[PDB]
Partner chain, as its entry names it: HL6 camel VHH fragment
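Encoded as structure tokens, the following chain is the form deposited without the partner chain, with no partner shown.
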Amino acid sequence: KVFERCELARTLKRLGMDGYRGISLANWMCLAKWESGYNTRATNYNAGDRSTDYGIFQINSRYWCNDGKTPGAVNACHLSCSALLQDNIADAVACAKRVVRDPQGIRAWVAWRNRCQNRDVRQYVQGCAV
């Protein structure tokens, strides 16, 4: 599914993401926007290492989830990557929480560093009542 802006904002907030590891709701929104356009079914396959990024947060199969088809992969969130392509984003949020608990934090996502880090992102939650 493709979430509407404020719909996703409310959902992420309900799922405890606002301020998680010091990351504002607006930042999580900015990450989802640039990664998948709020599309839970988004997948990005990389032929170079045969890994695939899954879901709204575009979580990579070489390290975070298992898809049974990525060479030399690990599964840090202990979850199947298909659970990251569901309309119910509870699993995706839980795994995103895990990712950011590593040293680099939210800087793990190159898109976030390029389009969100140090920039105004207040627009993402404008008029959402969150």
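Numbering follows the first chain given and starts at 1.
Relative to one another, 42-50 and 85-93 have unequal mean CA B-factors, and 42-50 is the one with the higher figure. Averaged over Cα atoms, the B-factor as recorded in the entry is higher for 121-129 than for the other of 3-11 and 121-129. The residue among 29, 99, 73, 56 whose C-alpha atom has the highest B-factor in the PDB entry is 73. Sort the chain's modelled residues by C-alpha temperature factor and residue 103 lands in the highest third, per the entry.
Here the subject shifts to the form deposited with the partner chain bound, a form of this protein not shown in this document.
In the deposited bound form, no residue of 50-75 lies within 4.5 Å of the partner chain by any heavy atom.
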